[PDB]
């Protein structure tokens, strides 16, 4: 089963899919082909939880009926600069304006 994801760091957001049976480490290889940083310089998160390389995406809670094409699930991403890892930082999207009066 396919799961549909947004992989997010700072002001970067990757739209992609993967198998429920695929591993965290295999998702880092996907991020490597796009952002050119190797798996050992990546940390992946679900909310505040650091994800383990050998676990499947399904085991970590990304399932086909919660990670949907029209409403994809978020995976946090952090990079290692030099010796140590940065903290997880995901910039929020902009805020919608107030509803115009005719739409209230």
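Residue numbers count along the first chain shown, from 1. Take the two forms, superpose them, and find the largest set of C-alpha atoms that agree within 1.5 Å; that set is the rigid core.
Relative to this form, superposed by the core, which stretch has the greater CA RMS in 6 other deposited structures of this protein: 77-85 or 12-20? Once the core is superposed, the stretch further away in 6 other deposited structures of this protein is 77-85.
Using only the Cα atoms and their B-factors as the entry lists them, report which of 67-75 and 45-53 averages higher. Result of the comparison: 45-53.
Mean C-alpha temperature factor, higher of 22-30 and 35-43: Here the higher of the two C-alpha B-factor means belongs to 35-43.
By the recorded C-alpha temperature factor, relative to the other modelled residues in its chain, which third is residue 94 in? For residue 94, the deposited C-alpha B-factor lands in the middle third.
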